[PDB]
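Asks: Quick one: structure below, then a few questions.
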Amino acid sequence: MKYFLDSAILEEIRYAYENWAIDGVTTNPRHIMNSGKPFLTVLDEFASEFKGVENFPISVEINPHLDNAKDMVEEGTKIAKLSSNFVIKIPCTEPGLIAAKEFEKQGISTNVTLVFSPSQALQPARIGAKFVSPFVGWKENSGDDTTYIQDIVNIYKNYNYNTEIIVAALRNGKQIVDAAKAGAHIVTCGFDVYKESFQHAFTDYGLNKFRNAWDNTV
Amino acid sequence: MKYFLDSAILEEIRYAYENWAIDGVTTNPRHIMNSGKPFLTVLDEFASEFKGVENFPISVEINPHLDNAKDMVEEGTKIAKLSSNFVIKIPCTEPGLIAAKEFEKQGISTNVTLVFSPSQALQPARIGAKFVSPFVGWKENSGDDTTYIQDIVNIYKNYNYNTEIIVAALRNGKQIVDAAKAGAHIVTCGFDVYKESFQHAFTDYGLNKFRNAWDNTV
Amino acid sequence: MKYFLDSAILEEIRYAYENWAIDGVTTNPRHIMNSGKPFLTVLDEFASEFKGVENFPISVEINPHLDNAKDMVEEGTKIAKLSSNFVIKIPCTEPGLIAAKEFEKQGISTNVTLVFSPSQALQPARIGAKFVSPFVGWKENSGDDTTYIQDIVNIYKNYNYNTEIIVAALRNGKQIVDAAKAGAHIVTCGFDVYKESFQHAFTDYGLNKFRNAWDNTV
Amino acid sequence: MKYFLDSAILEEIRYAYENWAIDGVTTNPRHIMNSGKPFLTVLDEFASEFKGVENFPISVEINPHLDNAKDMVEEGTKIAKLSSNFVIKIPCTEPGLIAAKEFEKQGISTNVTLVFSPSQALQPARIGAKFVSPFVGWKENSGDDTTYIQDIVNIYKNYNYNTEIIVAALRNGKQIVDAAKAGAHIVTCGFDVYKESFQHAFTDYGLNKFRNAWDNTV
Amino acid sequence: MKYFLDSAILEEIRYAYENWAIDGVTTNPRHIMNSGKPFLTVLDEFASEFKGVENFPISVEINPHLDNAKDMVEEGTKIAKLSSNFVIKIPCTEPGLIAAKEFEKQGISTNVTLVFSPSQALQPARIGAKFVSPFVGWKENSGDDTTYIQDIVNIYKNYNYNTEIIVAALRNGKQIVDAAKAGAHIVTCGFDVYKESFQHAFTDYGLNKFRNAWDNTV
Amino acid sequence: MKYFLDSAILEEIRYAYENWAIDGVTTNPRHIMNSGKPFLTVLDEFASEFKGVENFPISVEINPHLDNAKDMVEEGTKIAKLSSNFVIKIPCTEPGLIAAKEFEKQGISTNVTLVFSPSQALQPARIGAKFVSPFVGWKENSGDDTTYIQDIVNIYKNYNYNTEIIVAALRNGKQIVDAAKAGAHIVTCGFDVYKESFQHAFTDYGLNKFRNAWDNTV
Amino acid sequence: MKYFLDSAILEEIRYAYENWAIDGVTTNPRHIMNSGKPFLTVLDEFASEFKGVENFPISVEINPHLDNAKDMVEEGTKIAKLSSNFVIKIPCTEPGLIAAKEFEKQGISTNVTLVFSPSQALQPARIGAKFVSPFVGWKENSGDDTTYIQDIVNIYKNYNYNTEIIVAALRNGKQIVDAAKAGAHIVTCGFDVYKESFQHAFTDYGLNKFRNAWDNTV
Amino acid sequence: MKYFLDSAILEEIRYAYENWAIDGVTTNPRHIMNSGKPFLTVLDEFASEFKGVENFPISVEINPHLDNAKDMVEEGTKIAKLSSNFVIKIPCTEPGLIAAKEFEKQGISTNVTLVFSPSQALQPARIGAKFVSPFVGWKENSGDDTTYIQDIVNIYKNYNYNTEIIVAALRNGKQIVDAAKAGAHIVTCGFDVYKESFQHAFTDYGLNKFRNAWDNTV
Amino acid sequence: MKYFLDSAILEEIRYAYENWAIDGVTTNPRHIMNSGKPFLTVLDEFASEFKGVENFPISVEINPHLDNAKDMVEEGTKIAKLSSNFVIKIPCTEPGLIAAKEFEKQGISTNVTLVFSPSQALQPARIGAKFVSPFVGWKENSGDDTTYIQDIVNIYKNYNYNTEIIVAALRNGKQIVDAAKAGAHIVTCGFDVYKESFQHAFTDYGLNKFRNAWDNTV
């Protein structure tokens, strides 16, 4: 399973890469907004930080106001020319799946994002998208279940698709264990979701019992 | 999974082929009727539109009044001589499965249509039909379930049959996700069923949140 | 099970009431639009057609542009004063569930519509809404499953709620059989969905066999 | 469970009533055809045979060529006036469910027959039909499963319907055990299906072992 | 659950009644054969042993060569006149279910035996048999499973039948636990099957551990 | 899946071979009886009809009165010398499984028939029988289920047995779909069971809709 | 659910009764051995400690060497005369179930212990034992599962038995949660099994987070 | 599946080897006791009967009183030197699994018997025992289920163990079908369990129908 | 399956290695405390006892008070230099998974212990830990289930991880059978848990029956 840091903060991207062995980084217009830095700045920093690093995908969403596939291809071609690690993130919309097919034909890796059904996930796979990001957290906040994730994993496998599934909007380590149990390729999560997922109360209860024993021993 | 456009309109066949990457086109006497054009005209246009295109099957149903396998073989041989992309569609009837066996022996690809049970689907497979079209929508309109589709997929697989299953009469993207979850080879659907299957409300709710963030960012 | 005609056409409402024993009528801004008649006209006709008829609920949606619960209560109080059979249909929105609670406190029957999750269905029940309309067809068109309907039925039953569930956006008789198998109180469907649900090919195949026998008999 | 003899032969109806305790008799235009006697004759014999017998329903199908509910009501009123044991059998068709509602309103018991889906079974229940006959054998002969029978039983029970389900077209005692396991009220079967259902090879193997023991005993 | 001793030996019937609280006794032509005593003798002893005992059913099979219901009714009426505890055991055969219906109409308790299917068990219930004995051991010896027992229990319960099910041919206490888990009313077993069913190795292993402790204690 | 015609009539064997592509023919003493022709005559006709045809097994049962394995081997050796397509059918009896082992050792193909349990099916496999015929229809007529067929298929597969399973006594196309869903190698059925299995009412309802469209089209 | 302390130490019986609200106390020859006190002494202390306490059962096992039901009845009558809270514990053995039936007939409450199967549990219920103790821990130590406990609970319930089930040999709180999920009446456990069952690491992790907050608050 | 005759009688071992193709023979101190012949005699006969026969394992249990692994190795080495077909049967006890490890290291095939849990079966596999005999009948006689057999088969398979599982204490052909459905390698049964497993009542009912037809045929 | 002795006592490690074929030894600060010997002494003895033994992993936990990954790497490098059989055991904590990644990069085998969730188990696998020890007993003592073990096994397998799972805190042989049924690589248990797992009461009951037979035999 790959662990992609869903963050636009380079202090958290640097830490997770050196200590948690993250395999990539995903960003959205909301994360770059919370960065405080301007978009092009965040990109320049990400391009230099991982200049040589190979096999480190950095998903970067194009202008969300774009409505024409041709305007999404001109904007994503420019962003993709800034670093070989950059993967253009395109919304699962009529003009975003037409633009993702043209991009993939020109050899520009694309991450069809905002997919909330297995029918919206199959077309990105039929056009050779490098990544497809099915969202979980958003649907749950509205009281909807998310075992459409297993369907996408099973469909992708049954039809031998190379598109890698990035379960997104993950909020806890139990949802990371649900994606892993399904067979999802990658899971994108914030720095704190990953930190807490590596911590249990019984590990602290157990370490106190072992610390008491060590002390009562020569 | 293959996406065959269930349409006889060449404006929708041209669009779906260039933007959605459809893998084929299926037609029935009802779709050619709604075309407005005469049958032979629709065929001439389809033959020229995809003259060179290879691996683009165009299922064309013969006279539905035909009742003798010999009259169905003389009519389907003529239609098949109009284009190498044409696949003769024959009803699953005593004289339609005798005519589909003779056709397949002469090397004319056949699509045994109007199959509504796994027992009606097995004979088309025992005679080497190129395609078998199990219908879903019709049975549902009368209050009948359609998990006989999984049976056909499982039987075809267990006995290593080459016949490709084309789930037909699909009306929504959830039925396209049911066919994909079963392992069906192809799904034939109208242009609008495919368009809506690529669209979700949460993609629009998500694009508004990302459009607000992009705006509140330098 | 109750059969509510999802139509604003009084030729279809009159027929279904006299021949199919419909138990009510649901309408939305889209059905009144397709009526061709102006809204207030459709209402006057519905009010006179069922002037005396008791226990015949006629769900009528208020202005969809309304955004304040107070503006939705002033508009729905006026519509409700036009007939005792009228049930104000309100969208499941913050200001639509505040307006549905005030309406129900004043004794005006309300039908909280556009519910697409069991969490959105529970609040309408916690405020004493007369009806809650969970939509099926829309979610399916986008490739989403709808067994959240059983959850709502089970929750409503477990907590002894009086709110009656009206499964909406039904498109076939198999979806009417799914709602009945779940235990939904009412199912709202168009005139043609109900007509086809009462017809099977095997009834026609069987009637031909019985018509041949009757003829070969004195 | 009730055992209704699906026969128009009075030698088999007389035997089954005196030895098997049949609870009723169902007939169709095909069984009266195989009787050899003319229809009105079969009816006169059935009317006299069970003149006084109470609680012995005798389902009799009206002219299968009838297409108007008014012509089906004039024909079934005449047949019903021939004996108080006669139950008018009407096909599940638009004009047959309109005629079954008028009949039930006039107090004439009706058996809505040729039902092959749970959606076609629910309307007969919504109009107060005395009996609804879901067919099994016919659908199976075409390779279709029949666990729509459990759905009808469950729906009827969930909504407290009084209509009694008569599983029809039964061909073996295992299908009688399937109907009983579902909770069907009545099962209609031919004389030979009932005879064989009461016989097992292990009963004969066991009776030979007990006959040998009896002989080797004083 | 009732425990009926499947034996014709009065040393085992006397012991099981005073120590195991057996609720009845079932016999077959094979058990009376192994008794060594002549049939009428075994009956006289059983009649005197339980002369006053009430609610102690003693199932006694009539001549297994009998083939006419009238000859089975004359033979079973004589046997039934020998003791009020005697229950005539009749094979599940055409002439044995006709004879069991006449017997039950005259108030003579009957135990329709040699039933090996749930279809053969339903008719005995439709005629008011006091007991129905579904056999298990015989079918298993030939490699057949026996979860038709649960079907009979469920059918009997669903249709509120008073007939009590006596699971017969039981050979081990696990088959007694299978009948109890199903809900069977009575289980008939040989003396040794009951003795071993009350004994476990872990009870002896446990009693040795408790005997060692008792000894190492004042 | 192989389709073996369970018939001794050469008009039906000739038709099914030329139009349905039957893969073999099974016969029993009852089918040769209904042929009207004497046994040796039926055999001579079958031997000439398929003189050269290879891979066309013709199962022929030996004298059913035979009780010694040596008398069954002398009778089946003679029948097998009449044609290379003939497969000696032997009953699953002590002397029939001893005779089937000797036959298979001499290279005479055998079809161990009348198998009604998975324990009776395993021995035929342990002796290298070419075919094992588990019967379904007979057990069902007595109210018994038949999912012992899946057990035999699973056992045969788990232990890599070459014996081919011929599900016999099939009466409908749903039982042919049950055998195919299990993984049975061959299914033997009468000519009419195969004809009806290839026909559905919805194919006729669909062909009428397509015939109306063709007519309303130039 | 009742919580019976499986202990013969009165410091732990006194604590659990005043702080955990134990509903009873079970003892075995092994627990009295580990008490250090002589048996009769432990009994005198238990008799005085709960002299007046009503509804506080104190299970006390008789001499484990006893082999005759008459010697077990003379020993258990004496022990039962020492306190009205004492319940004679008898092993599930031929002579222990004969002695438990005589005891229950004289009105002396009995706890048939060392039961390791649902067949050994049913007889104690057929003789009116006050308690039946199915052991879990012992069987598990040898690698055996224990979902025979649910069978006993279900059987007891299906046949309306008053005998109360005391799941014994419990070693952890997950086994206490398994007995409660099954529906067992009582669970007997050692003092430490109960203490740890009331403690979780996440309660300590949570109390540290709440202790930090309380401190950073006025 | 292998069929090992659980017998010490050479008339039954000779018959089963020549007619049923048994693949081996298992014996226990109880079967040699019932032989009537002295142990060493039974061994001499078995050694000569199968002197040359290869791949015919003959399991022979050593002195059951042995308590030291060294005394079990000296006794089993002597027995193993009497024939190359002999496989030393050792009980699953601390000193029997230490002796089975030493035996297997010296190349003496061992059959660790009296295994009644999957935990007792895993150690025999961890030491390279040639055979492990999990007992079924004994546990069932005490009311215990035996689906620990599937666990052993699954564990053995998951960890690629070569030890062959011999399901023992089998009493009917349904238990032979349970072992085969699990995937057990061998099943050991008495001569009569195997004979009855090859016989069904429906084979005799079917042979009577075929004998009547043969007679009514020229 | 590997059997690792969870003990720091060399009398039990020596016995289990020579008689039970243990494949390794795991220790924790609590086991070294109960050893009585000082830590460095236990290590020197373990280093000499298995000086040459290859493939015998000896898991040794570092100072439990360590809180910095750099202090855990300096302490575990020293311990690892004492023997090539030693595997540094590190707690699943932020600084323990950073230290386990550095250790594994330097070629020092690590056993990430105190893992109580499948999310805490995945990171140890993403950093190439040699072993991951998921604890069972502790969670159960607090009333928590442990089928997160199957999740870890399935995740490890789905993503082809080489990390070997050591199910720890095992207290009975049924928990050893649960780990084996899941597919866990190793199970660590105390000497007594392993001894009892190899013993069953039915083996002693069976050995008494075989000892009685041997005696009644020449």
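Each chain of the structure tokens is named A, B, ... in the order shown, its residues numbered from 1; ligands are numbered from 1 in display order.
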Which residues are near residue A:123? Cut-off 10 Å, only C-alpha atoms, ignore same chain within fewer than 3 positions. Put them as a ChimeraX atom specification.

Replies: /A:92,97,101,112,118-120,126-129,132 /B:1,3,20-21,194,197-198

Asks: Just write the chosen residues, C-alpha atoms, as a PDB file, in the first residue's frame.

Replies:
```pdb
ATOM      1  CA  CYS A  92     -14.450  13.772 -13.138  1.00  0.00           C
ATOM      2  CA  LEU A  97     -12.565  13.213 -18.773  1.00  0.00           C
ATOM      3  CA  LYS A 101      -7.903  11.385 -22.395  1.00  0.00           C
ATOM      4  CA  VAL A 112      -9.096  12.114 -12.351  1.00  0.00           C
ATOM      5  CA  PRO A 118     -17.880   3.179  -9.507  1.00  0.00           C
ATOM      6  CA  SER A 119     -19.497   4.325 -12.840  1.00  0.00           C
ATOM      7  CA  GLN A 120     -17.555   7.642 -12.650  1.00  0.00           C
ATOM      8  CA  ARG A 126     -11.197   3.299 -20.068  1.00  0.00           C
ATOM      9  CA  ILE A 127      -9.045   6.353 -21.110  1.00  0.00           C
ATOM     10  CA  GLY A 128      -5.782   5.252 -19.365  1.00  0.00           C
ATOM     11  CA  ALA A 129      -5.720   7.757 -16.479  1.00  0.00           C
ATOM     12  CA  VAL A 132      -8.373   7.803 -10.106  1.00  0.00           C
TER      13      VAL A 132
ATOM     14  CA  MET B   1     -15.221  -3.284 -20.033  1.00  0.00           C
ATOM     15  CA  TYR B   3     -18.929   0.596 -23.978  1.00  0.00           C
ATOM     16  CA  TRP B  20     -15.854   8.602 -24.832  1.00  0.00           C
ATOM     17  CA  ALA B  21     -13.832   6.004 -26.808  1.00  0.00           C
ATOM     18  CA  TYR B 194     -23.441   7.140 -20.582  1.00  0.00           C
ATOM     19  CA  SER B 197     -23.124   7.840 -15.574  1.00  0.00           C
ATOM     20  CA  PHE B 198     -20.069  10.186 -15.790  1.00  0.00           C
TER      21      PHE B 198
END
```

Asks: Quick one: residues within 12 Å of residue H:14, only C-alpha atoms counted, chain neighbours fewer than 2 positions away excluded, as a PyMOL selection string?

Replies: chain H and resi 5+7-12+16-25+45-46+49-50+191

Asks: If you keep C-alpha atoms, can you produce a file of those selected residues as an mmCIF file, in the first residue's frame?

Replies:
```
data_model
loop_
_atom_site.group_PDB
_atom_site.id
_atom_site.type_symbol
_atom_site.label_atom_id
_atom_site.label_comp_id
_atom_site.auth_asym_id
_atom_site.auth_seq_id
_atom_site.Cartn_x
_atom_site.Cartn_y
_atom_site.Cartn_z
ATOM 1 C CA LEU H 5 -10.448 -50.461 5.461
ATOM 2 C CA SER H 7 -10.499 -53.821 9.908
ATOM 3 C CA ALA H 8 -8.135 -56.575 11.208
ATOM 4 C CA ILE H 9 -10.134 -59.383 9.437
ATOM 5 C CA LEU H 10 -8.251 -60.631 6.306
ATOM 6 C CA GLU H 11 -11.447 -61.997 4.630
ATOM 7 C CA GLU H 12 -12.753 -58.369 4.523
ATOM 8 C CA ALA H 16 -12.228 -54.868 -0.338
ATOM 9 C CA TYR H 17 -8.764 -54.925 -2.062
ATOM 10 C CA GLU H 18 -9.968 -57.031 -5.039
ATOM 11 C CA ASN H 19 -13.464 -55.512 -5.505
ATOM 12 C CA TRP H 20 -13.478 -51.988 -3.964
ATOM 13 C CA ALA H 21 -9.815 -51.094 -4.693
ATOM 14 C CA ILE H 22 -9.023 -50.120 -1.056
ATOM 15 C CA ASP H 23 -5.764 -48.105 -0.903
ATOM 16 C CA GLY H 24 -4.691 -49.216 2.598
ATOM 17 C CA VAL H 25 -5.724 -50.800 5.956
ATOM 18 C CA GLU H 45 -0.838 -62.760 7.861
ATOM 19 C CA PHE H 46 -0.954 -59.058 6.826
ATOM 20 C CA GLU H 49 -0.924 -61.147 2.143
ATOM 21 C CA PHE H 50 0.678 -57.893 0.888
ATOM 22 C CA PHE H 191 -16.378 -52.990 5.614
#
```

Asks: What are the closest atom pairs, with distances in Å to one decimal, for each residue of chain F lying within 8 Å of chain D, using only C-alpha atoms, rows by chain and rising residue number, as CSV?

Replies:
```
residue,atom,partner,partner_atom,distance
F:140,CA,D:174,CA,5.0
F:141,CA,D:172,CA,4.7
F:142,CA,D:197,CA,4.7
F:143,CA,D:174,CA,3.8
F:144,CA,D:174,CA,5.7
F:145,CA,D:174,CA,6.4
F:172,CA,D:141,CA,4.7
F:173,CA,D:143,CA,4.3
F:174,CA,D:143,CA,3.8
F:175,CA,D:143,CA,7.5
F:176,CA,D:143,CA,7.5
F:177,CA,D:143,CA,6.5
F:193,CA,D:141,CA,7.4
F:196,CA,D:142,CA,5.9
F:197,CA,D:142,CA,4.7
F:198,CA,D:142,CA,6.9
F:199,CA,D:142,CA,5.9
F:200,CA,D:142,CA,5.5
```

Asks: If you keep N, CA, C and O atoms, can you produce a file of those selected residues as an mmCIF file, in the first residue's frame?

Replies:
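Output file part.cif is given in full below:
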```cif
data_model
loop_
_atom_site.group_PDB
_atom_site.id
_atom_site.type_symbol
_atom_site.label_atom_id
_atom_site.label_comp_id
_atom_site.auth_asym_id
_atom_site.auth_seq_id
_atom_site.Cartn_x
_atom_site.Cartn_y
_atom_site.Cartn_z
ATOM 1 N N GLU F 140 -36.684 -35.405 -6.791
ATOM 2 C CA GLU F 140 -37.564 -34.215 -6.683
ATOM 3 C C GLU F 140 -39.028 -34.662 -6.678
ATOM 4 O O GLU F 140 -39.806 -34.091 -5.904
ATOM 5 N N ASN F 141 -39.380 -35.652 -7.497
ATOM 6 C CA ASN F 141 -40.790 -36.106 -7.591
ATOM 7 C C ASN F 141 -41.252 -36.578 -6.213
ATOM 8 O O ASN F 141 -42.461 -36.534 -5.956
ATOM 9 N N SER F 142 -40.316 -37.010 -5.368
ATOM 10 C CA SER F 142 -40.659 -37.511 -4.014
ATOM 11 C C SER F 142 -40.453 -36.406 -2.973
ATOM 12 O O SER F 142 -40.537 -36.716 -1.780
ATOM 13 N N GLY F 143 -40.168 -35.180 -3.411
ATOM 14 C CA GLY F 143 -40.045 -34.045 -2.478
ATOM 15 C C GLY F 143 -38.652 -33.878 -1.902
ATOM 16 O O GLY F 143 -38.530 -33.214 -0.866
ATOM 17 N N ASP F 144 -37.622 -34.379 -2.577
ATOM 18 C CA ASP F 144 -36.220 -34.284 -2.094
ATOM 19 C C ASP F 144 -35.465 -33.232 -2.905
ATOM 20 O O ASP F 144 -35.704 -33.157 -4.117
ATOM 21 N N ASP F 145 -34.572 -32.465 -2.275
ATOM 22 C CA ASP F 145 -33.757 -31.438 -2.976
ATOM 23 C C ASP F 145 -32.574 -32.138 -3.650
ATOM 24 O O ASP F 145 -32.355 -33.318 -3.331
ATOM 25 N N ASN F 172 -36.549 -29.595 -17.015
ATOM 26 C CA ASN F 172 -36.740 -28.180 -17.424
ATOM 27 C C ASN F 172 -35.387 -27.502 -17.629
ATOM 28 O O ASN F 172 -34.386 -28.046 -17.147
ATOM 29 N N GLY F 173 -35.372 -26.352 -18.302
ATOM 30 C CA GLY F 173 -34.133 -25.616 -18.607
ATOM 31 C C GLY F 173 -33.552 -24.932 -17.389
ATOM 32 O O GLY F 173 -32.383 -24.548 -17.459
ATOM 33 N N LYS F 174 -34.330 -24.757 -16.323
ATOM 34 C CA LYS F 174 -33.831 -24.162 -15.058
ATOM 35 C C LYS F 174 -32.946 -25.200 -14.375
ATOM 36 O O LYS F 174 -32.009 -24.787 -13.699
ATOM 37 N N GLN F 175 -33.233 -26.485 -14.563
ATOM 38 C CA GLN F 175 -32.437 -27.590 -13.974
ATOM 39 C C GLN F 175 -31.178 -27.745 -14.824
ATOM 40 O O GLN F 175 -30.181 -28.223 -14.282
ATOM 41 N N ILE F 176 -31.232 -27.355 -16.097
ATOM 42 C CA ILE F 176 -30.044 -27.370 -16.994
ATOM 43 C C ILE F 176 -29.153 -26.207 -16.567
ATOM 44 O O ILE F 176 -27.935 -26.364 -16.637
ATOM 45 N N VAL F 177 -29.742 -25.100 -16.116
ATOM 46 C CA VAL F 177 -28.988 -23.894 -15.675
ATOM 47 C C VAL F 177 -28.413 -24.168 -14.288
ATOM 48 O O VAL F 177 -27.409 -23.548 -13.963
ATOM 49 N N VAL F 193 -37.391 -30.906 -23.585
ATOM 50 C CA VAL F 193 -36.744 -30.110 -22.507
ATOM 51 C C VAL F 193 -35.755 -29.151 -23.166
ATOM 52 O O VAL F 193 -35.694 -28.010 -22.709
ATOM 53 N N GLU F 196 -37.724 -26.224 -25.394
ATOM 54 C CA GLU F 196 -38.364 -25.188 -24.543
ATOM 55 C C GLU F 196 -37.290 -24.349 -23.851
ATOM 56 O O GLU F 196 -37.524 -23.150 -23.661
ATOM 57 N N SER F 197 -36.144 -24.937 -23.514
ATOM 58 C CA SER F 197 -35.031 -24.236 -22.827
ATOM 59 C C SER F 197 -34.484 -23.130 -23.725
ATOM 60 O O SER F 197 -33.913 -22.180 -23.182
ATOM 61 N N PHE F 198 -34.703 -23.229 -25.036
ATOM 62 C CA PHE F 198 -34.204 -22.246 -26.027
ATOM 63 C C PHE F 198 -35.295 -21.233 -26.363
ATOM 64 O O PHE F 198 -35.111 -20.500 -27.338
ATOM 65 N N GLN F 199 -36.388 -21.194 -25.606
ATOM 66 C CA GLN F 199 -37.538 -20.311 -25.922
ATOM 67 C C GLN F 199 -37.998 -19.554 -24.681
ATOM 68 O O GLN F 199 -38.110 -20.186 -23.623
ATOM 69 N N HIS F 200 -38.283 -18.262 -24.824
ATOM 70 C CA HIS F 200 -38.757 -17.395 -23.721
ATOM 71 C C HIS F 200 -39.906 -16.549 -24.257
ATOM 72 O O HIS F 200 -39.884 -16.251 -25.454
#
```

Asks: Write out as a VMD selection string all residues of stretch 23-195 of chain I that DSSP puts in strand (DSSP E) for this structure's backbone.

Replies: chain I and resid 24 to 26 58 to 61 86 to 91 110 to 115 131 to 134 164 to 167 186 to 189

Asks: Extract, using only C-alpha atoms, all DNA, RNA and protein residues at most 9 Å from residue I:212, discarding same-chain residues fewer than 5 positions from it, and format them as a ChimeraX atom specification.

Replies: /H:29-30 /I:207,217

Asks: Write to file, as an mmCIF file, in the first residue's frame, the residues of the selection just made, with N, CA and C atoms.

Replies:
```
data_model
loop_
_atom_site.group_PDB
_atom_site.id
_atom_site.type_symbol
_atom_site.label_atom_id
_atom_site.label_comp_id
_atom_site.auth_asym_id
_atom_site.auth_seq_id
_atom_site.Cartn_x
_atom_site.Cartn_y
_atom_site.Cartn_z
ATOM 1 N N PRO H 29 -5.931 -51.533 18.637
ATOM 2 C CA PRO H 29 -5.915 -52.634 19.585
ATOM 3 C C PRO H 29 -7.300 -53.264 19.726
ATOM 4 N N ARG H 30 -8.362 -52.524 19.418
ATOM 5 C CA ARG H 30 -9.751 -53.027 19.573
ATOM 6 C C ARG H 30 -10.086 -53.942 18.399
ATOM 7 N N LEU I 207 -7.309 -43.941 25.032
ATOM 8 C CA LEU I 207 -6.125 -44.763 25.380
ATOM 9 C C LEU I 207 -6.534 -45.777 26.443
ATOM 10 N N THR I 217 -6.434 -59.431 25.015
ATOM 11 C CA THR I 217 -5.945 -59.941 23.711
ATOM 12 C C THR I 217 -4.623 -60.676 23.933
#
```

Asks: Pick out each residue of stretch 64-95 of chain I that DSSP on the backbone tags as helix (DSSP H, G or I); I need them as a ChimeraX atom specification.

Replies: /I:69-80,94-95

Asks: Choose the residue, out of H:80, H:187, H:180, H:168, that has the smallest atom-to-atom separation from residue H:114; count only C-alpha atoms.

Replies: H:168
